[PDB]
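Note that these values count all heavy atoms, side chains included, but never hydrogens, waters or copies made by symmetry. All chains are named by letter (A, B, ...) in the order of the sequence lines, taking the proteins before the strands, and each is independently numbered beginning at 1.
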Amino acid sequence: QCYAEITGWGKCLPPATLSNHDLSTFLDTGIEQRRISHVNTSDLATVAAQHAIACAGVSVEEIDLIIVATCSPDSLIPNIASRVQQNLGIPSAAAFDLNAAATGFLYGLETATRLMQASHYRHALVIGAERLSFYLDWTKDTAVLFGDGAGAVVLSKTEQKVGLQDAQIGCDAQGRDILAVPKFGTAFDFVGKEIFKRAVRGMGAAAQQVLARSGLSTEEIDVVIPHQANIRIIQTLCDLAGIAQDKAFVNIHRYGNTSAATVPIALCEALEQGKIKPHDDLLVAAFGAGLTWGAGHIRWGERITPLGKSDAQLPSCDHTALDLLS
Amino acid sequence: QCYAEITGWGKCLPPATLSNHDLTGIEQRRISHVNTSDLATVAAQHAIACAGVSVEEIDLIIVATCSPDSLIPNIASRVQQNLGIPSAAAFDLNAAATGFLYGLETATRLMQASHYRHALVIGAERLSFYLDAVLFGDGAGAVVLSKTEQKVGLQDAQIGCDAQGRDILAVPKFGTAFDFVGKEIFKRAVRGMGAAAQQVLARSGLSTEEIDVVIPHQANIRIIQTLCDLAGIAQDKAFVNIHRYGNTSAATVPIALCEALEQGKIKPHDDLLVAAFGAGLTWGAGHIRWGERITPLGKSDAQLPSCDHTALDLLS
């Protein structure tokens, strides 16, 4: 029996910051700020990956698998996992984009972990990355909700019982029409109340299943890394699960909802701020357009500090965030 | 130890046919009058009936495409909604034409390492959306996988990507942001698929003589011939339907597999070699050990909405 330990983590938040005050200028949550990228999604992903690689101390030749969870890719042909691969010079790895909306990163984590357990993948890079700013209708509720950013992890095969344990991922397809941008693709819809109910239900039931199969009580959960879409969803999810609200890591106020990137960014910050201790039990939970949903139980291993650090950074930004949206 | 048997197969080729005419290996392609999700849906319905599984038994839906109707939400969730499958994991995977093989690999390992008992893996494309040209068509192919103890379905696979070839095959300004270098695409494809096939064969302990059938990506007849010649595999073992449908990217393999079974090209316990490549440049190969059954348990009446248009008409 093999496991996929999370041995590296990293993030990339673009520098141009957009305050609510900045928003008041042109405009008539929990969120105070978001970032707005002056580069493509593949660039955000690349830098976050560089941080996780250095954090893990792995050589780029050791990576067998790159998954980019996104719903805002630079291009469809080719995918952007292959762009990240080209940028980092990783040779020969499997490389794909996965689209499960905000639950993408959890889907990716589940997928890479099972690939590693059943076959010959020794290290993996799983990245959540978005440039939601590309989508926004500056007239329309939606505009204040979303930001740009990337988060990444590196997974390394091991015999120790760590990394993702059980996961339960799914999709409530009867809710598909309540959250959509239907004419971008080869072809907004936003019903807040229904999104709310189905999200808490989907994430809730998924979390419960994971906990029950792991034999854990809510009390043995040390940290909750939820999708950062809405503070009230997070509070409600915990309240209904009976999980103390202090265990939930929240950074939505800083970055807004960055779809697939929220969980890996939160996870990276939680580690940097020492919120996660060696051998802690984490509960991850997320949902997204689809309506996709998921939860996972991660057992952390020995190390919560980077082996090294990267000098990787985005090209210098000559623009303000107000400037980027003009 | 668990395995993912291919217990259902099915396809959906849109009716409007486009012959070679004035206005590869290829004589015809199909041109869809519906979205990609619709092609995927019908192919799925055929596979479900072929497998005799109930829609409530499906735990996982993967749609390999690079021409989805929408990015938000994904189209796996649309297929799920159309078939009424409750609660399954549903995602879109983009690895260009190697998508279906990537999906097959992913679903198989999900099923072996965790609690997914049945899966639907679909390749589906509407490449006609992209064209500015005689090389591509539209279509979908699907399989259903069912967990079992018998040593059948995908055995070893080797998937990868040659990222130094990323720029030789691209539509770079569709997305949130044509390039086509035929000779380089040719060289890297044969190299990528070749090396992948070799690694799979070697790990499986097979000689090329024990391969019964080859289901390759249908992008170009000469690529297929060259891949076999260099592997030492007899060219007669390679199933080819490109002449009928053209290159339907992620859909080529599952359509070919489905037709190979319908035409009795595949026998119980046959060893299949799948191989594919795509923009990325992605590449992959897989060894499938077929089980007992090569006939559908049932048939579906599922069909696309009636087409009132000619294919010439559809491109206008």
Side-chain angles (χ1 to χ4, degrees), chain B residues 5-18 25-26 28-32 39-51 64 97-101 103-104 120-125 127 136-145 153-154 211-221 223-225 227-228 233-234 237-243 245-264 266 268 270-276 286 288 290-291 293-300 302 304:
Chain B
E5 183 170 21
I6 298 177
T7 49
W9 46 94
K11 64 178 188 189
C12 181
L13 286 300
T17 308
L18 196 71
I26 301 160
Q28 314 191 307
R29 338 86 190 102
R30 307 308 183 75
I31 302 290
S32 185
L39 301 177
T41 300
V42 172
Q45 288 171 284
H46 294 292
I48 282 152
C50 174
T98 327
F100 170 81
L101 180 49
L104 181 62
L120 197 40
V121 180
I122 305 166
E125 311 276 23
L127 302 186
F136 303 110
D138 303 338
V143 299
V144 169
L145 311 187
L154 186 70
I211 301 299
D212 301 288
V213 178
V214 172
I215 306 299
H217 180 34
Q218 311 276 317
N220 182 272
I221 269 171
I223 290 177
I224 294 175
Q225 288 177 339
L227 174 76
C228 291
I233 292 167
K237 289 168 173 189
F239 186 88
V240 177
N241 66 358
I242 195 184
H243 54 276
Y245 311 126
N247 176 346
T248 56
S249 193
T252 59
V253 176
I255 297 170
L257 176 63
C258 178
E259 296 197 322
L261 287 152
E262 291 166 344
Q263 303 174 22
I266 297 176
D270 267 359
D271 291 293
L272 274 48
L273 173 71
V274 172
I288 293 171
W290 205 262
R293 183 165 58 78
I294 58 168
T295 57
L297 297 174
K299 277 148 167 185
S300 182
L304 296 164

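- With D212(B) contributing its side chain and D271(B) its backbone, the two residues share a donor-acceptor pair below 3.5 Å.
- The two residues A97(B) and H217(B) make their nearest non-hydrogen contact at CB-NE2, 3.2 Å.
- When side chains are defined from C-beta on, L257(B) counts as touching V143(B), because their heavy atoms get closer than 4.5 Å.
- With contacts defined as side-chain heavy-atom distances shorter than 4.5 Å, the pair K11(B)/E262(B) qualifies.
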**Request:** Would you sort out whether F136(B) and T248(B) count as a side-chain contact (heavy atoms from CB on, under 4.5 Å), showing the intermediate values?
**Result:** CA-CA 6 Å; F136(B) 303 110; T248(B) 56; over 6 Å; no
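- With a 4.5 Å cut-off on side-chain heavy atoms, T295(B) and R293(B) count as touching.
- The two residues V42(B) and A302(B) make their nearest non-hydrogen contact at CG1-O, 4.1 Å.
- Taking CG of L127(B) as the start and CD1 of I31(B) as the end, the distance is 9.0 Å to the nearest 0.5 Å.
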**Request:** Would you sort out whether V253(B) and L104(B) count as a side-chain contact (heavy atoms from CB on, under 4.5 Å), showing the intermediate values?
**Result:** CA-CA 11 Å; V253(B) 176; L104(B) 181 62; over 6 Å; no
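- Of all heavy-atom pairs spanning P216(B) and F239(B), the tightest one is CD-O, 3.5 Å.
- Under the side-chain contact (heavy atoms from CB on, under 4.5 Å) criterion, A124(B) pairs with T36(B), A40(B), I122(B), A140(B), sequence neighbours left out.
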**side-chain hydrogen bond (donor to acceptor under 3.5 Å, both in side chains) assessment of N241(B) paired with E259(B)** = CA-CA 8 Å; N241(B) 66 358; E259(B) 296 197 322; 2.8 Å; yes
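- Judged by distance alone, with hydrogens and angles left aside, the side-chain atoms of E5(B) form no donor-acceptor pair with the main-chain N or O of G153(B) at under 3.5 Å.
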**Full working for side-chain hydrogen bond (donor to acceptor under 3.5 Å, both in side chains) between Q28(B) and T17(B)** = CA-CA 7 Å; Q28(B) 314 191 307; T17(B) 308; 5.3 Å; no
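- Applying the side-chain contact (heavy atoms from CB on, under 4.5 Å) test to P14(B) and every residue at least two apart in sequence or in another chain returns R30(B), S32(B), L39(B), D138(B), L304(B).
- Closest approach of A51(B) and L297(B) over heavy atoms only: O-CD1, 3.3 Å.
- Side chain of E125(B) to backbone of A251(B): no donor-acceptor contact under 3.5 angstrom is found.
- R29(B) approaches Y245(B) most closely through the heavy-atom pair CB-O, 3.5 Å.
- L273(B) is not listed as a side-chain neighbour of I215(B), based on a closest heavy-atom distance of 4.5 Å or more.
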**Asked** Step by step, would you call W9(B) with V144(B) a side-chain contact (heavy atoms from CB on, under 4.5 Å)?
**Response** CA-CA 6 Å; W9(B) 46 94; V144(B) 169; over 6 Å; no
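- Shortest non-hydrogen contact noted between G286(B) and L154(B) is CA-CD1, 3.9 Å.
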**Message:** Assess the residue pair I255(B) and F100(B) against the criterion (side-chain contact (heavy atoms from CB on, under 4.5 Å)); give the C-alpha distance rounded to whole Å, side-chain angles, the decisive distance to 0.1 Å, and a yes or no.
**Reply:** CA-CA 10 Å; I255(B) 297 170; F100(B) 170 81; over 6 Å; no
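- For the pair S300(B) and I48(B), the minimum side-chain heavy-atom distance is 4.5 Å or more.
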